[PDB]
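> Here goes the first bit of my complex:
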Amino acid sequence: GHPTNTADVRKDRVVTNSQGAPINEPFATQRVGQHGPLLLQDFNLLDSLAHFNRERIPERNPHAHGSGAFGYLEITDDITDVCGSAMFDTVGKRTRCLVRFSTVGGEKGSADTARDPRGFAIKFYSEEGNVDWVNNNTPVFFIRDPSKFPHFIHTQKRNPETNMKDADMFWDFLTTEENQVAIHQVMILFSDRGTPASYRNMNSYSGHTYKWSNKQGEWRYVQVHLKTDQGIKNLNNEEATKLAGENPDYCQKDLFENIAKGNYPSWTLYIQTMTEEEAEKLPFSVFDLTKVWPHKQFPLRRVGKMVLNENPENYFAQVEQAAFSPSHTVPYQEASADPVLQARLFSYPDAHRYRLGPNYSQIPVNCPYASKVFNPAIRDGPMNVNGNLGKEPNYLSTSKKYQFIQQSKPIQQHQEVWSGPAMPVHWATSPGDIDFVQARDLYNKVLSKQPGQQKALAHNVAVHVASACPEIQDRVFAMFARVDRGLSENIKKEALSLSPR
């Protein structure tokens, strides 16, 4: 097996304690005589019980519930005019990758078929380091101010007094006028793509703009699109609810079983690109996470194919302990000034250090096995397991040699020129229609081409908001009316039948 996905099991099958001493009876415990009280000196018992007390680590916040598989990305098209990263430098080049799929709001034991965005995070083990594309299955998101993220997530989870989901706080936050820029993602969430039929039947999107540069120093704004080679397939609200009770692990079973039998799912990787000149002529901001780039003006360009063909050997070791961050990147790939993206560069490594520990990059699944770590000044820390570079100095000693490559490759100094004071900005919902037009285009130009999808959207909102108090229901109705008056009336009618006044 691969070093990122293997184990070592004694071939003699001799059972031992945690110090390698053999156990001569699996279950006998020491006491006085046959039935006296237990003796403190029973090391083997306390060893087992104490480790059992420490099996659990803190769940992710959010995206606690999820599934993973290994695979590779194959390059099928030459895009070196856009991006100089090694993983792209040769048509036919394969890079190993790890994917973790997840829901968002649910805790570890929640159901696969809950309504939620799904995470679709990808770790590529390249020769220039491990690069993570920490993506969802939607090209947009609920917010464009990162300070709102904890608030939003709190309202998607449990009430702090009652410990239950709460439609009142769910929609209270979404209808606050400064927050209504979430309406694009809300439409997507309550369409039937909020309950995918399996992880094999969904897409992955960068969501944010990134900046990709070539080896000549030209660069572009980039959007990433991973389209499923299995086709889009969705559940309806009632199929999702029924499966939740009858099989909370439906999507994990689908993924694992299809890989185990050889029905490996695949995706086609495309990108959108945009020049700095094109970006300034836009009627919206390339830094706005709630906006998409229209396909007609910015067509998709093919790059390669991703295949998942390898199940994890141990879920905890390879999936639960997997760590992804957007700030894990490679030369020639950078983040844009999207403020949500900027905040994620800090948040994820900080989360990993708490959830997994300071030396989490030494966990095999997280190791950059194709670009070994060598930093003299990153040393020690609990559970340092790889030798801590031995007697290497912990500073840049003039008695030693150190190679700093790509000294002439700019990072971001060749890109935008910023100007202004240090300025606090609350990017509240803009006036006029700009923050609603893409929601209307989704309804009028996309869902209309799908039989019955406009109605399913209304039904999916109605049954959810029907739990909210009347004044909140009314705010929800008014917000959707800004998108389409008929959509608003369909929600109102169904919602009111389920909750009369």
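That came in fine, so what should we check first? Numbering: from 1, shown residues only, chains lettered A, B, ... in the order given.
> Mind jotting down where the helices sit in the stretch 101-250 of chain A?
Along the stretch 101-250 of chain A, counting by DSSP state H, counting those that start in this stretch, helices occupy A:149-156, A:167-175, A:183-190, A:237-246, A:250-260.
> Out of these, which one sits most buried?
Burial of those is given as mean neighbour count (mean count of other Cβ atoms under 10 Å); helix A:183-190 ranks first at a mean of 24. Backbone N, C-alpha and C define where each C-beta goes, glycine included.
> any idea how far the one residue sitting closest to the centre of chain A is from residue A:197?
Most central in chain A under Cα atoms, centre = their mean is residue A:119, positioned 3.8 Å from the mean C-alpha point. Taking Cβ to Cβ, to the nearest Å as the measure, residue A:119 and residue A:197 are separated by 17 Å.
> hang on, the earlier thing: what sits closest to the residue nearest to the centre of chain A if chain neighbours are left out?
Using Cβ to Cβ, 6 or more residues apart in numbering and skipping residues adjacent in sequence, the residue nearest residue A:119 is residue A:102, 4.0 Å away.
> Would you check that my belief about residue A:312 contacting residue A:69 is correct?
Yes - judged on Cβ atoms under 8 Å, residue A:312 makes contact with residue A:69 at a distance of 7.0 Å.
> So these two - more neighbours on which side?
residue A:69 (25 against 22; other Cβ atoms under 10 Å).
> Now the more buried one: closest residue in space that isn't a chain neighbour?
Using Cβ to Cβ, 6+ apart, the closest residue to residue A:69 is residue A:308 (4.3 Å).
> Could you figure out how far the one helix or strand the one you found maps to is turned away from helix A:250-260?
Taking DSSP states H and E as the definition, one finds residue A:308 inside strand A:301-310. Computed by axes from the mean of the first three to the mean of the last three Cα atoms, to 10 degrees, the angle separating strand A:301-310 from helix A:250-260 equals 90 degrees.
> who's in contact with the closest residue to residue A:113 other than its chain neighbours?
Once flanking residues are discounted, residue A:113 sits nearest to residue A:240: 4.1 Å by Cβ to Cβ, 6+ apart. Neighbour list for residue A:240: A:113, A:114, A:115, A:195 [criterion: Cβ atoms under 8 Å, 6 or more residues apart in numbering].
> quick one, phi/psi of the second one?
In terms of degrees, to the nearest 10, the main-chain angles of residue A:114 are phi -60, psi 150.
> From residue A:106, how far out is it?
For residue A:114, the distance to residue A:106 - Cβ to Cβ - is 5 Å.
> that's a strand at residue A:343, yeah?
No - under DSSP: H, G, I helix; E, B strand; the rest coil, residue A:343 falls outside any strand and is assigned helix.
> with the structure above as the base, add chain B:
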Amino acid sequence: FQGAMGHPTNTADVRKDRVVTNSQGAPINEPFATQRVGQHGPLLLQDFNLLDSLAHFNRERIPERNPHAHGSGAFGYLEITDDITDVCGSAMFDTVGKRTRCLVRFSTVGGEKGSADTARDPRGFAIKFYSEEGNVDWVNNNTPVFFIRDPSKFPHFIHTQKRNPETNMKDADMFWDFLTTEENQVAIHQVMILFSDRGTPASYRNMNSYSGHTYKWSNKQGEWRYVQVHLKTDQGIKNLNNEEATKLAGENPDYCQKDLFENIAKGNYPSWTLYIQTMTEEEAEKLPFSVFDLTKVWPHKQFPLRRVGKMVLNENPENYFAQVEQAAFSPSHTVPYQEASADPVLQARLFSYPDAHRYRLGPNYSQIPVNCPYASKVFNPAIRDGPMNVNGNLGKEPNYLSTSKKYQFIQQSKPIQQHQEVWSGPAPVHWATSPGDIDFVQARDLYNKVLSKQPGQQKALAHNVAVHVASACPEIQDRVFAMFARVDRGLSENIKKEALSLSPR
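Same chains as before, plus chain B:
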């Protein structure tokens, strides 16, 4: 004038002026503005308020309990209604009519934090009493027995009730592989109860609580007795059936949490009646089973219930995380005149739970308000320091027994256990299933003498098993069929016929 304070175990401190601040008390002048260069340049490192918010968010979660991760809680009291001072000298019993405050956490066992309230499972029913002699915890399930009588089998047993280490899914094969392994079949009594309709109660208000183990209670004259605790619901037993439980798992995974909270919030306070069984050392040597065996009950006819008091739950928690998630129970948390018996499962629990608390919550978890013994404050000169020491650490108190200071050790003439059993022998025992029928007979008595009197319950037991084992491979299925036939041939045939109809060969 000052207002009414909430109880110290269940309260909060919120600025009257509603001024929003950061984690260091400085005011925030705009809730969501973040600093960048210009209007839309990249974010600046110097935005303390953003990073403060985001790093604390990253640390909201602590590891879930293992097991019993999912649950609910409420506060109430135990009121003593009868004089049992002849049995037990503890302060909590020393006066008829006296109330001790308590916290109850109800839980399932196998499911993770976000699993369904209505899953089939034993339910935990843990009680913390804040007495004048310290906090005493009664860490009980809603059944009088359990799956094991060897403590070393607990990690193994719990693993097979949870997820497969490769596929991350519940696995009927390993569930039943463990329970039908010959040395483990002493679990059959508890399995019968698990697979009856009591395995899916209609709400926490409609189930019982049992010590499960034998404990030892002593009076002030030095006499002692073996004791079993029974808390019987005054609302009555009410159960869901398997299909009702499954459908609710999908439509309302928090069904029992909602029921407890809403009934308390509206004043429909649930209560239970507290009883004990008692036995002398002479009687226990005459029994055909062991009082140290967790898989056995004491028959009511020979050991009738004796009333003690009434427990009422009448106060919801103000903050679920602060009072329920951080609550810490242990059977080794006890008071004078109540002790554990040599039940080997109970003995291991004395060690396990304080150790889990120290990892899950922190070494100073007894300083969290819900866990503090507010009616008997801690004073130990040698227990000092540690992370998140928040109560002053005894200030300048010497950290040993200094001859210049006064230290009072009360109850010096009260024995701990040296007045009870006399042990004899050298220092390892695997208490595997016994030969013959002793480990199957109480399961048969439940089937034939108890469930037979409840219309439809014998049929529902076979159904609940059949639908569960139908997912297992045939070799495991046949072992399951055979084990149940040791209880009753007809129960076995019913399970088999239905299981095979669900998974024909």
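> thinking again about what came up before, I'd say the residue nearest to the centre of chain A and residue A:135 touch.
Yes - under the criterion of Cβ under 8 Å, residue A:119 makes contact with residue A:135 at 7.5 Å.
> Do I have it right that residue A:33 meets residue B:421?
No - using Cβ under 8 Å, residue A:33 is not in contact with residue B:421; the gap is 10.6 Å.
> who has more neighbours, the two?
Per other Cβ atoms under 10 Å in any protein chain shown, whichever of residue A:33 and residue B:421 has more neighbours is residue B:421, with 16 against 13.
> show me the contacts for the more buried one.
B:281, B:342 (Cβ atoms under 8 Å, 6 or more residues apart in numbering or on different chains).
> Report the distance from stretch A:151-164 to the chain centre.
Relative to its chain's centre, stretch A:151-164 lies at 20 Å (Cα atoms, centre = their mean, to the nearest Å).
> Which of the three states applies to residue A:354?
Once three-state DSSP is applied, residue A:354 turns out helix.
> closest point of the stretch 151-300 of chain A to chain B, which residue?
Nearest residue of the stretch 151-300 of chain A to chain B, counting by Cβ to the nearest Cβ: residue A:245, 2.6 Å away.
> Please name the nearest non-neighbouring residue to that residue.
Leaving out its chain neighbours, the residue that sits closest to residue A:245 by Cβ to Cβ, 6 or more residues apart in numbering or on different chains is residue B:250, at 2.6 Å.
> in the stretch 151-300 of chain A, which spans are strands?
Ranges of strands in the stretch 151-300 of chain A, per DSSP state E, counting those that start in this stretch, are A:204-205, A:210-213, A:219-228, A:266-274.
> could you give the angle of the longest one to strand A:301-310?
Interaxial angle of strand A:219-228 relative to strand A:301-310 (the same axes, to 10 degrees): 50 degrees.
> Neighbouring strands - and their directions - for strand A:219-228?
Strand A:219-228 pairs in its sheet with strand A:204-205 (antiparallel), strand A:210-213 (antiparallel), strand A:266-274 (antiparallel), by DSSP bridges.
> quick check, distance from that strand to the centre of its chain.
Taking Cα atoms, centre = their mean, one finds strand A:219-228 lying 16 Å from the centre of the chain it belongs to.
> Same question for the last one.
The offset between the C-alpha centroid of strand A:266-274 and the centroid of the whole chain comes to 18 Å, using Cα atoms, centre = their mean.
> related to what we said a few turns ago, which residues touch the residue nearest to residue A:245?
Per Cβ under 8 Å, 6+ apart, neighbours of residue B:250: A:111, A:241, A:242, A:243, A:244, A:245, A:246.
> then add chain C to what we have above:
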Amino acid sequence: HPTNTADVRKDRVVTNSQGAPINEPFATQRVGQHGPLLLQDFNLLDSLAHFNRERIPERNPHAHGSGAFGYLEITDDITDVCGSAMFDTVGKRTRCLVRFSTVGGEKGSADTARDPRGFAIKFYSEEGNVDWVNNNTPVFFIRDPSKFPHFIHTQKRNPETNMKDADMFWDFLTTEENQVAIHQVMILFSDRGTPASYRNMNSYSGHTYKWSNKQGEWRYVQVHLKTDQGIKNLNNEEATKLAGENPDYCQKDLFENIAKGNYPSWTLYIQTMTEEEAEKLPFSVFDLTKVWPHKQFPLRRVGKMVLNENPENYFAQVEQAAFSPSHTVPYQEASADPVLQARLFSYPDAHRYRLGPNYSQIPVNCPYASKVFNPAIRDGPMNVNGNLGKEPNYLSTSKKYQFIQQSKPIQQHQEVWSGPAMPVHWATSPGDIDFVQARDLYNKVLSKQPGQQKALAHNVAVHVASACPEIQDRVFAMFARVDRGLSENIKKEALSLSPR
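Next up, chain C placed on what we already have:
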């Protein structure tokens, strides 16, 4: 005081950690009189397990230190400069906590080691806790924040041998790009590198900060706390002897003088400068390795700080104290000094690891005069204050929330930045600009203190004598850029101690 007190049972009844009384201090349960021990002795395991958890990770750096409580009293009106509440009234007193420390030594190392001293101050104001996280020098060794882990490593133990190491110490400091450290190195190897006690040293902001008034004008600021007990220093031999004979020499001095009523005090001053004055300087106000000469930027008095209360419990109040330059109040902001900018991140992050995520609920760290209220900051291990009860954990439109000072600017009224996102390594400048102030110390300051010029050379010589000859030669060359004679004095003494 809430930051410095405890609660001890008045009946003196000894109990376990759950409040149950212990009926014998030391008896342990076993079979018979001398059989093996029983698992069921909760009282033994309770004590033994908590003992195993007494220790938390030491600070990195500044692990070794001492603390006291006191107050700052305002004696002058500086509201023209700063509108903070703690300054708004002459005669106003704010409670404070001070932690003194060394830098490189671990817990248990000697008080009298040669080192900078930390002199960190926490103020408990009505607008929040503001920390002035200062050293006893107005400068420091680096002006690139990325070099801090490297520098601190070379000041501590070799990763193979676990010993202090003159070779890595001086290798790093003589690396051309790093020689901007020369100013602090002069200061470190003067006798002020071994103060006679914490009462006999100063405190300096080191960095430039930005202070604003209620009218919206602002100034660059340097803070100076000058000891009213006078400067008193040890020499290298005195400090060494005390390291062996009383490694707690300075902790003993502070505690006993406070206990007997000889309360130490300091006089608080500031220097101020406008953006225009700063643009004309031959150096940068963002450079930590530079000072503002007193004649062009005279000191202005503000008030007095007094320490008059020892902690009741060292661990609870000193070891657990959390200071950060990012703990600030309205009208005090950090400057674009790149070292200071990085410190705004580092200290909260260290606190969350060293102390725990809810470390601000520890009494000494609690803003007792401006209690915390943030709906979105909840849960976390050892949440001990009720977690705001049933308050929503977001901004519910059914509740009220007051955001005060909405029209008070943060930094948007100050400098206008311009440029791309630029990686910058602020390496040592060519020419003399990064050496002239070191030379000014030697020729204009130490020359007026009899024997201090010789003592500096002696202090360097005895230290570098352990370094290999090539490192020795780089050290001699580096000091020769400051002064020829200084270099020659060092060289004579070093070569006599390590002949070739």
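> What about the contacts of residue A:240 again, now that chain C is present?
For residue A:240, the contacting residues are A:113, A:114, A:115, A:195, by Cβ under 8 Å, 6+ apart.
> how near is the first one to chain C?
In this view, residue A:113 and chain C are 26 Å apart by Cβ to the nearest Cβ, to the nearest Å.
> same deal with the last one?
Remark: distance between residue A:195 and chain C (Cβ to the nearest Cβ) = 25 Å.
> Any residues of the stretch 51-200 of chain A in contact with chain C? List them.
Within the stretch 51-200 of chain A, the positions near chain C by Cβ under 8 Å from any Cβ of the partner chain are A:150, A:151, A:152, A:154, A:155, A:160, A:161, A:169, A:172, A:173, A:176.
> swap that for the stretch 301-450 of chain A, sorry
So far as Cβ under 8 Å from any Cβ goes, the stretch 301-450 of chain A lies against chain C at A:350, A:353-354, A:358, A:377, A:379, A:388, A:390-399, A:411-424.
> Try it again at 7 Å.
Within the stretch 301-450 of chain A, the positions adjacent to chain C are A:377, A:379, A:391, A:393-398, A:411-413, A:415-424 by Cβ under 7 Å from any Cβ of the partner chain.
> Are stretch A:476-495 and chain C in contact anywhere?
No - for a cut-off given as Cβ under 7 Å from any Cβ, stretch A:476-495 has no contacts with chain C; the smallest distance is 13.2 Å.
> Show the end-to-end separation of that stretch, please.
Start-to-end span of stretch A:476-495 (Cα to Cα, to the nearest Å) is 11 Å.
> repeat for stretch A:80-98
Per Cα to Cα, the first residue of stretch A:80-98 is 24 Å away from its last.
> same question, stretch A:175-185
Using Cα to Cα, the end-to-end distance of stretch A:175-185 comes to 13 Å.
> can you check stretch A:7-27 too?
25 Å.
> same check, this time on stretch A:123-131
6 Å.
> Next: stretch A:421-430.
Using Cα to Cα, first and last residues of stretch A:421-430 are 22 Å apart.
> How about stretch A:174-182?
Stretch A:174-182 has an end-to-end distance of 7 Å (criterion: Cα to Cα).
> returning to what we had before: and the residue nearest to the centre of chain A, what are its bridge partners?
Beta bridges link residue A:119 to residue A:102, residue A:136 when assigned by DSSP bridges.
> Give me the distance between it and chain C.
22 Å.
> repeat for residue A:177
10 Å.
> now do residue A:139
25 Å.
> do residue A:498 as well
In terms of Cβ to the nearest Cβ, residue A:498 sits 23 Å off from chain C.
> for residue A:90, same thing?
29 Å.
> Kindly report the same for residue A:295.
Applying Cβ to the nearest Cβ to residue A:295 and chain C gives a distance of 30 Å.
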